[PDB]
Amino acid sequence: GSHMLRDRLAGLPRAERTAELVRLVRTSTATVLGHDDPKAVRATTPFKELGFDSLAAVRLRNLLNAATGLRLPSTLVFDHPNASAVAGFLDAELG
């Protein structure tokens, strides 16, 4: 109906989920830079290059919060070389 939304959220497969969070992570990531340009990301892009450290590293984690439910690890933007990774760390956090 509609309320089933959630059910669908936690009802989607890992793939779709990853392919979903990824897309978000990508846009979100680039968003942290203060720009809506995904062309500046390919999932497997260098986060460090993207311009992530602490503020930009948190700004993303802050948004990613609405993409996972938690505050994500402060190292998330450290152990993750690219978004493709973030998708994982987040997935593992979702699983």
# chains A, B, ... in the order shown; residues from 1 in each chain; ligands from 1
$ select_by_dssp --residues "segment 29-92 of chain A" --states "alpha helix (DSSP H)" --output "PyMOL selection string"
chain A and resi 29-32+47-50+55-64+76-79+83-92
$ write_last_selection --atoms "N, CA and C atoms" --output "tab-separated table (two decimals), in the first residue's frame"
chain	number	residue	atom	x	y	z
A	29	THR	N	28.34	12.16	-1.37
A	29	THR	CA	29.76	12.46	-1.27
A	29	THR	C	30.07	13.79	-1.97
A	30	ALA	N	29.73	13.85	-3.24
A	30	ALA	CA	29.97	15.05	-4.03
A	30	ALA	C	29.22	16.22	-3.40
A	31	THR	N	28.12	15.90	-2.74
A	31	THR	CA	27.31	16.91	-2.09
A	31	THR	C	28.08	17.55	-0.94
A	32	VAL	N	28.84	16.72	-0.24
A	32	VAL	CA	29.63	17.19	0.88
A	32	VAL	C	30.57	18.30	0.41
A	47	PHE	N	38.53	9.19	-2.30
A	47	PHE	CA	37.83	10.04	-1.34
A	47	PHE	C	38.72	11.21	-0.91
A	48	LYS	N	39.97	10.89	-0.61
A	48	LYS	CA	40.92	11.89	-0.18
A	48	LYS	C	40.95	13.03	-1.20
A	49	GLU	N	40.91	12.64	-2.47
A	49	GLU	CA	40.93	13.62	-3.55
A	49	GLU	C	39.63	14.41	-3.57
A	50	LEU	N	38.53	13.70	-3.34
A	50	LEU	CA	37.22	14.33	-3.33
A	50	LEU	C	37.26	15.57	-2.44
A	55	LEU	N	35.78	17.76	8.51
A	55	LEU	CA	34.55	18.50	8.29
A	55	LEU	C	33.77	17.88	7.14
A	56	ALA	N	34.45	17.75	6.01
A	56	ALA	CA	33.84	17.17	4.82
A	56	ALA	C	33.64	15.67	5.04
A	57	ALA	N	34.43	15.13	5.96
A	57	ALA	CA	34.35	13.71	6.27
A	57	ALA	C	33.15	13.46	7.19
A	58	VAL	N	32.81	14.48	7.96
A	58	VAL	CA	31.69	14.38	8.88
A	58	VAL	C	30.41	14.81	8.16
A	59	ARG	N	30.53	15.87	7.39
A	59	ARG	CA	29.39	16.39	6.64
A	59	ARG	C	28.71	15.26	5.87
A	60	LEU	N	29.53	14.37	5.34
A	60	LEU	CA	29.02	13.25	4.57
A	60	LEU	C	28.40	12.23	5.53
A	61	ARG	N	29.16	11.89	6.56
A	61	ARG	CA	28.69	10.93	7.55
A	61	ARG	C	27.37	11.40	8.16
A	62	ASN	N	27.24	12.71	8.27
A	62	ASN	CA	26.04	13.30	8.83
A	62	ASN	C	24.85	13.00	7.91
A	63	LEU	N	25.09	13.15	6.62
A	63	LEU	CA	24.05	12.91	5.63
A	63	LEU	C	23.85	11.40	5.48
A	64	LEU	N	24.96	10.68	5.45
A	64	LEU	CA	24.92	9.24	5.31
A	64	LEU	C	24.10	8.64	6.46
A	76	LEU	N	35.10	5.75	8.88
A	76	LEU	CA	34.42	5.43	7.64
A	76	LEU	C	35.08	6.19	6.49
A	77	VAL	N	35.37	7.46	6.74
A	77	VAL	CA	36.00	8.30	5.74
A	77	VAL	C	37.52	8.21	5.90
A	78	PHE	N	37.98	7.01	6.23
A	78	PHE	CA	39.40	6.78	6.41
A	78	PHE	C	39.80	5.39	5.89
A	79	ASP	N	38.97	4.41	6.24
A	79	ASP	CA	39.22	3.04	5.82
A	79	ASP	C	38.64	2.82	4.42
A	83	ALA	N	33.93	5.33	-2.67
A	83	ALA	CA	32.53	5.17	-2.30
A	83	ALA	C	32.18	3.68	-2.30
A	84	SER	N	32.57	3.01	-3.37
A	84	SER	CA	32.30	1.59	-3.50
A	84	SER	C	32.49	0.89	-2.16
A	85	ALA	N	33.43	1.42	-1.38
A	85	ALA	CA	33.73	0.86	-0.08
A	85	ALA	C	32.65	1.31	0.92
A	86	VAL	N	32.41	2.61	0.93
A	86	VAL	CA	31.42	3.18	1.83
A	86	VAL	C	30.14	2.33	1.77
A	87	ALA	N	29.72	2.04	0.55
A	87	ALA	CA	28.52	1.25	0.34
A	87	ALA	C	28.59	-0.01	1.22
A	88	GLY	N	29.77	-0.59	1.27
A	88	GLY	CA	29.98	-1.79	2.07
A	88	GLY	C	29.85	-1.48	3.56
A	89	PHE	N	30.79	-0.70	4.06
A	89	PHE	CA	30.79	-0.33	5.46
A	89	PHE	C	29.38	-0.01	5.95
A	90	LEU	N	28.63	0.67	5.09
A	90	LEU	CA	27.26	1.04	5.42
A	90	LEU	C	26.38	-0.22	5.40
A	91	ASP	N	26.60	-1.04	4.39
A	91	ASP	CA	25.84	-2.27	4.24
A	91	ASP	C	26.06	-3.14	5.48
A	92	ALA	N	27.32	-3.30	5.84
A	92	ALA	CA	27.67	-4.11	7.00
A	92	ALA	C	26.98	-3.54	8.24
$ residues_around --residues "residue 46 of chain A" --least-positions-apart "6" --cutoff "10 Å" --atoms "only C-alpha atoms" --output "PyMOL selection string"
chain A and resi 52+80-83
$ write_last_selection --atoms "N, CA and C atoms" --output "mmCIF file, in the first residue's frame"
data_model
loop_
_atom_site.group_PDB
_atom_site.id
_atom_site.type_symbol
_atom_site.label_atom_id
_atom_site.label_comp_id
_atom_site.auth_asym_id
_atom_site.auth_seq_id
_atom_site.Cartn_x
_atom_site.Cartn_y
_atom_site.Cartn_z
ATOM 1 N N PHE A 52 37.866 15.019 1.376
ATOM 2 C CA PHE A 52 37.349 14.550 2.652
ATOM 3 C C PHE A 52 38.469 14.435 3.688
ATOM 4 N N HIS A 80 37.760 3.737 4.032
ATOM 5 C CA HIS A 80 37.124 3.658 2.728
ATOM 6 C C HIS A 80 37.914 4.493 1.720
ATOM 7 N N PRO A 81 38.553 3.778 0.756
ATOM 8 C CA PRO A 81 39.341 4.440 -0.269
ATOM 9 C C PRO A 81 38.439 5.105 -1.311
ATOM 10 N N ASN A 82 37.268 4.514 -1.496
ATOM 11 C CA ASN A 82 36.310 5.037 -2.456
ATOM 12 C C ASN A 82 34.891 4.782 -1.943
ATOM 13 N N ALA A 83 33.927 5.328 -2.669
ATOM 14 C CA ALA A 83 32.530 5.169 -2.301
ATOM 15 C C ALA A 83 32.176 3.680 -2.298
#
$ residues_around --residues "residue 38 of chain A" --least-positions-apart "5" --cutoff "10 Å" --atoms "only C-alpha atoms" --output "number ranges by chain"
A: 23-31, 43
$ residues_around --residues "residue 14 of chain A" --least-positions-apart "3" --cutoff "10 Å" --atoms "only C-alpha atoms" --output "list in words"
residues 10, 11, 17, 18, 19, 20, 91, 94 and 95 of chain A
$ write_last_selection --atoms "C-alpha atoms" --output "PDB file, in the first residue's frame"
ATOM      1  CA  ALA A  10      14.529  -3.385   4.517  1.00  0.00           C
ATOM      2  CA  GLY A  11      12.932  -5.687   1.972  1.00  0.00           C
ATOM      3  CA  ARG A  17      20.632  -1.934  -1.659  1.00  0.00           C
ATOM      4  CA  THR A  18      24.312  -1.529  -2.454  1.00  0.00           C
ATOM      5  CA  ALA A  19      23.533  -0.166  -5.898  1.00  0.00           C
ATOM      6  CA  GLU A  20      21.114   2.110  -4.084  1.00  0.00           C
ATOM      7  CA  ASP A  91      25.842  -2.270   4.244  1.00  0.00           C
ATOM      8  CA  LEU A  94      22.752  -2.178   7.851  1.00  0.00           C
ATOM      9  CA  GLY A  95      23.219  -5.928   8.066  1.00  0.00           C
TER      10      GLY A  95
END
$ decode --residues "segment 17-53 of chain A" --atoms "N, CA, C and O atoms" --output "JSON list (two decimals), in the first residue's frame"
[["chain", "number", "residue", "atom", "x", "y", "z"],
["A", 17, "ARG", "N", 20.27, -2.73, -2.82],
["A", 17, "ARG", "CA", 20.63, -1.93, -1.66],
["A", 17, "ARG", "C", 21.98, -1.24, -1.89],
["A", 17, "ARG", "O", 22.08, -0.02, -1.78],
["A", 18, "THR", "N", 22.98, -2.05, -2.21],
["A", 18, "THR", "CA", 24.31, -1.53, -2.45],
["A", 18, "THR", "C", 24.29, -0.56, -3.64],
["A", 18, "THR", "O", 24.86, 0.53, -3.56],
["A", 19, "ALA", "N", 23.63, -0.98, -4.70],
["A", 19, "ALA", "CA", 23.53, -0.17, -5.90],
["A", 19, "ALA", "C", 22.70, 1.08, -5.59],
["A", 19, "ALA", "O", 22.75, 2.06, -6.33],
["A", 20, "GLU", "N", 21.96, 1.00, -4.50],
["A", 20, "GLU", "CA", 21.11, 2.11, -4.08],
["A", 20, "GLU", "C", 21.91, 3.08, -3.21],
["A", 20, "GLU", "O", 22.01, 4.27, -3.52],
["A", 21, "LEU", "N", 22.46, 2.54, -2.13],
["A", 21, "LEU", "CA", 23.24, 3.34, -1.20],
["A", 21, "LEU", "C", 24.40, 3.99, -1.96],
["A", 21, "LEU", "O", 24.74, 5.15, -1.71],
["A", 22, "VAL", "N", 24.98, 3.22, -2.87],
["A", 22, "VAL", "CA", 26.10, 3.70, -3.66],
["A", 22, "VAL", "C", 25.70, 5.01, -4.34],
["A", 22, "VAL", "O", 26.30, 6.06, -4.10],
["A", 23, "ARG", "N", 24.69, 4.91, -5.20],
["A", 23, "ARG", "CA", 24.21, 6.07, -5.93],
["A", 23, "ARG", "C", 24.05, 7.26, -4.98],
["A", 23, "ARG", "O", 24.42, 8.38, -5.32],
["A", 24, "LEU", "N", 23.50, 6.98, -3.81],
["A", 24, "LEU", "CA", 23.29, 8.01, -2.81],
["A", 24, "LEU", "C", 24.65, 8.49, -2.29],
["A", 24, "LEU", "O", 24.90, 9.70, -2.24],
["A", 25, "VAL", "N", 25.47, 7.53, -1.91],
["A", 25, "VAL", "CA", 26.80, 7.84, -1.39],
["A", 25, "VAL", "C", 27.53, 8.75, -2.39],
["A", 25, "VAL", "O", 28.13, 9.75, -1.99],
["A", 26, "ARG", "N", 27.44, 8.38, -3.65],
["A", 26, "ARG", "CA", 28.09, 9.14, -4.71],
["A", 26, "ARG", "C", 27.61, 10.60, -4.67],
["A", 26, "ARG", "O", 28.39, 11.51, -4.41],
["A", 27, "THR", "N", 26.32, 10.77, -4.95],
["A", 27, "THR", "CA", 25.73, 12.09, -4.96],
["A", 27, "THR", "C", 25.99, 12.80, -3.62],
["A", 27, "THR", "O", 26.37, 13.97, -3.61],
["A", 28, "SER", "N", 25.77, 12.07, -2.55],
["A", 28, "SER", "CA", 25.98, 12.61, -1.21],
["A", 28, "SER", "C", 27.43, 13.07, -1.06],
["A", 28, "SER", "O", 27.68, 14.21, -0.67],
["A", 29, "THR", "N", 28.34, 12.16, -1.37],
["A", 29, "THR", "CA", 29.76, 12.46, -1.27],
["A", 29, "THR", "C", 30.07, 13.79, -1.97],
["A", 29, "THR", "O", 30.61, 14.71, -1.34],
["A", 30, "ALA", "N", 29.73, 13.85, -3.24],
["A", 30, "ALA", "CA", 29.97, 15.05, -4.03],
["A", 30, "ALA", "C", 29.22, 16.22, -3.40],
["A", 30, "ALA", "O", 29.66, 17.37, -3.51],
["A", 31, "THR", "N", 28.12, 15.90, -2.74],
["A", 31, "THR", "CA", 27.31, 16.91, -2.09],
["A", 31, "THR", "C", 28.08, 17.55, -0.94],
["A", 31, "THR", "O", 27.97, 18.75, -0.70],
["A", 32, "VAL", "N", 28.84, 16.72, -0.24],
["A", 32, "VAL", "CA", 29.63, 17.19, 0.88],
["A", 32, "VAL", "C", 30.57, 18.30, 0.41],
["A", 32, "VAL", "O", 30.90, 19.20, 1.18],
["A", 33, "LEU", "N", 30.97, 18.20, -0.85],
["A", 33, "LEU", "CA", 31.87, 19.18, -1.43],
["A", 33, "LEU", "C", 31.09, 20.47, -1.72],
["A", 33, "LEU", "O", 31.68, 21.52, -1.94],
["A", 34, "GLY", "N", 29.77, 20.34, -1.70],
["A", 34, "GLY", "CA", 28.90, 21.47, -1.96],
["A", 34, "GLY", "C", 28.62, 21.62, -3.45],
["A", 34, "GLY", "O", 28.66, 22.72, -3.99],
["A", 35, "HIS", "N", 28.34, 20.49, -4.09],
["A", 35, "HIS", "CA", 28.05, 20.48, -5.51],
["A", 35, "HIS", "C", 27.30, 19.20, -5.87],
["A", 35, "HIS", "O", 27.63, 18.12, -5.38],
["A", 36, "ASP", "N", 26.30, 19.35, -6.73],
["A", 36, "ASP", "CA", 25.50, 18.22, -7.16],
["A", 36, "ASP", "C", 26.00, 17.75, -8.53],
["A", 36, "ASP", "O", 25.28, 17.86, -9.53],
["A", 37, "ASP", "N", 27.21, 17.22, -8.53],
["A", 37, "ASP", "CA", 27.81, 16.73, -9.76],
["A", 37, "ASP", "C", 28.43, 15.35, -9.51],
["A", 37, "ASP", "O", 29.52, 15.25, -8.95],
["A", 38, "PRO", "N", 27.68, 14.30, -9.94],
["A", 38, "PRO", "CA", 28.13, 12.93, -9.76],
["A", 38, "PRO", "C", 29.25, 12.60, -10.76],
["A", 38, "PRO", "O", 29.94, 11.59, -10.60],
["A", 39, "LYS", "N", 29.38, 13.45, -11.76],
["A", 39, "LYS", "CA", 30.39, 13.25, -12.78],
["A", 39, "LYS", "C", 31.78, 13.36, -12.15],
["A", 39, "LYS", "O", 32.78, 13.00, -12.77],
["A", 40, "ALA", "N", 31.79, 13.85, -10.92],
["A", 40, "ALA", "CA", 33.04, 14.01, -10.19],
["A", 40, "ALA", "C", 33.22, 12.83, -9.23],
["A", 40, "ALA", "O", 33.87, 12.97, -8.19],
["A", 41, "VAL", "N", 32.63, 11.71, -9.61],
["A", 41, "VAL", "CA", 32.72, 10.51, -8.79],
["A", 41, "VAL", "C", 32.32, 9.30, -9.63],
["A", 41, "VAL", "O", 31.49, 9.40, -10.53],
["A", 42, "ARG", "N", 32.93, 8.17, -9.31],
["A", 42, "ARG", "CA", 32.65, 6.93, -10.03],
["A", 42, "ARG", "C", 32.56, 5.76, -9.05],
["A", 42, "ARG", "O", 32.75, 4.61, -9.43],
["A", 43, "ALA", "N", 32.26, 6.10, -7.80],
["A", 43, "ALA", "CA", 32.13, 5.09, -6.77],
["A", 43, "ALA", "C", 33.52, 4.66, -6.30],
["A", 43, "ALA", "O", 33.83, 4.71, -5.11],
["A", 44, "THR", "N", 34.33, 4.25, -7.27],
["A", 44, "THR", "CA", 35.69, 3.81, -6.97],
["A", 44, "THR", "C", 36.67, 4.97, -7.13],
["A", 44, "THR", "O", 37.77, 4.80, -7.63],
["A", 45, "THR", "N", 36.22, 6.14, -6.68],
["A", 45, "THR", "CA", 37.05, 7.33, -6.75],
["A", 45, "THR", "C", 37.79, 7.56, -5.43],
["A", 45, "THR", "O", 37.38, 7.04, -4.39],
["A", 46, "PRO", "N", 38.89, 8.35, -5.52],
["A", 46, "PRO", "CA", 39.69, 8.66, -4.34],
["A", 46, "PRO", "C", 38.98, 9.67, -3.44],
["A", 46, "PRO", "O", 38.86, 10.84, -3.80],
["A", 47, "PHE", "N", 38.53, 9.19, -2.30],
["A", 47, "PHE", "CA", 37.83, 10.04, -1.34],
["A", 47, "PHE", "C", 38.72, 11.21, -0.91],
["A", 47, "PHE", "O", 38.26, 12.35, -0.86],
["A", 48, "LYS", "N", 39.97, 10.89, -0.61],
["A", 48, "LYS", "CA", 40.92, 11.89, -0.18],
["A", 48, "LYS", "C", 40.95, 13.03, -1.20],
["A", 48, "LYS", "O", 41.00, 14.20, -0.83],
["A", 49, "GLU", "N", 40.91, 12.64, -2.47],
["A", 49, "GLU", "CA", 40.93, 13.62, -3.55],
["A", 49, "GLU", "C", 39.63, 14.41, -3.57],
["A", 49, "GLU", "O", 39.64, 15.62, -3.79],
["A", 50, "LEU", "N", 38.53, 13.70, -3.34],
["A", 50, "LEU", "CA", 37.22, 14.33, -3.33],
["A", 50, "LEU", "C", 37.26, 15.57, -2.44],
["A", 50, "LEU", "O", 36.60, 16.56, -2.73],
["A", 51, "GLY", "N", 38.04, 15.47, -1.37],
["A", 51, "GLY", "CA", 38.18, 16.57, -0.44],
["A", 51, "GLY", "C", 37.56, 16.22, 0.92],
["A", 51, "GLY", "O", 36.84, 17.03, 1.50],
["A", 52, "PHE", "N", 37.87, 15.02, 1.38],
["A", 52, "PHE", "CA", 37.35, 14.55, 2.65],
["A", 52, "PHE", "C", 38.47, 14.44, 3.69],
["A", 52, "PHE", "O", 39.54, 13.91, 3.39],
["A", 53, "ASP", "N", 38.18, 14.93, 4.88],
["A", 53, "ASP", "CA", 39.15, 14.89, 5.96],
["A", 53, "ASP", "C", 38.41, 14.73, 7.30],
["A", 53, "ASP", "O", 38.37, 13.63, 7.85]]
